[PDB]
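Below: one structure, written as structure tokens.
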Amino acid sequence: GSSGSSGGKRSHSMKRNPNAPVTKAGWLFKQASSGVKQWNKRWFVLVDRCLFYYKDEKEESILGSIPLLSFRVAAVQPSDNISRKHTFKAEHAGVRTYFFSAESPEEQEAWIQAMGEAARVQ
């Protein structure tokens, strides 16, 4: 046996509430880390003004959560480095800038409606 890479302190506590209505759900493509250049199709779910992506539609357990209430979603620039079209990325101008591509232009726009708005702090 070998332990480690676990951690011994709680800094942030975020999780999809059990009694929280699903805002919007849909299969999206999450860009890979700076390392490998590729896309990884996963199940995206918006709940509690927050984004939650699961390995599959099963939604067994939240793999990673990202606060949108502190971001400004917006369609990728006309000079972005994304081959696929109808893409959208969110930036918080302090932490980082996430990206999300869409198969059709109808899904992208629709997503921005929920994400973009849910992001606003006003």
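Couplings 3J(HN,Hα) of the range 97-104, computed from phi: 10, 7, 9, 7, 8, 9, 4, 10 Hz, in residue order, whole Hz [Karplus 6.51 cos²θ - 1.76 cosθ + 1.60, θ = phi - 60°; x for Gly and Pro]. Using only Cα coordinates, the Kirkwood hydrodynamic radius of the range 60-122 works out to 12.3 Å. Summing charges over neighbours of residue 38, with a neighbour being any other residue whose Cβ is under 12 Å away from its Cβ, gives +4 when K and R count +1 and D and E count -1.
Ranking 114, 2, 21 by how far each Cα lies toward the positive end of the dipole of the chain (charges on Cβ) leaves 2 at the top. Counting only Cβ charges, +1 for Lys and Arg and -1 for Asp and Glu, the dipole size of the chain around its Cα centre is about 460 debye. Pairs from the list 37/58; 24/89; 9/41 with a Cα-Cα gap above 24 Å: 37/58; 9/41. Can you give the percent of C-alpha pairs in the range 1-90 whose distance is more than 20 Å? The proportion of pairs with Cα distances above 20 Å equals 48 percent. Based on the Cβ-Cβ distance from residue 61 to residue 38, what FRET efficiency comes out when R0 is 25 Å, to the nearest 0.05? Rounded to the nearest 0.05, the efficiency is 0.60.
For the chain, the longest principal axis of the C-alpha atoms and the axis of helix 105-119 are separated by about 50°. Taking Cβ atoms as reference points and 10 Å as the exclusive limit, the residues near residue 98 contribute a net charge of +2, counting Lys and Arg as +1 and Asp and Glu as -1. Net length available on complete extension from residue 70 to residue 27 is 13.2 nm, with 0.36 nm assigned per residue and the Cα-Cα distance removed. Residues whose amide H lies under 5 Å from that of residue 51, counting only those 5 or more places away or on a different chain, are 66, 68; hydrogens are built 1.01 Å from N in the peptide plane. Once both labels are positioned 7 Å from their Cα atoms along Cα-to-Cβ, the gap between residue 122 and residue 20 label points is 2.4 nm. Working from label points 7 Å from Cα in the Cα-to-Cβ sense, the residue 81 to residue 103 distance is 2.8 nm. In the chain, excluding the sites themselves, the longest stretch lacking any of the trypsin sites (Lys or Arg not before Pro) that are in a DSSP loop with at most 14 other Cβ atoms within 10 Å is 59-83.
Neighbour counts run over all protein chains shown; Cβ positions are idealised from the backbone, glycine included. Taken together, the values in this text are just the output of simple stated rules run on the coordinates, not laboratory data.
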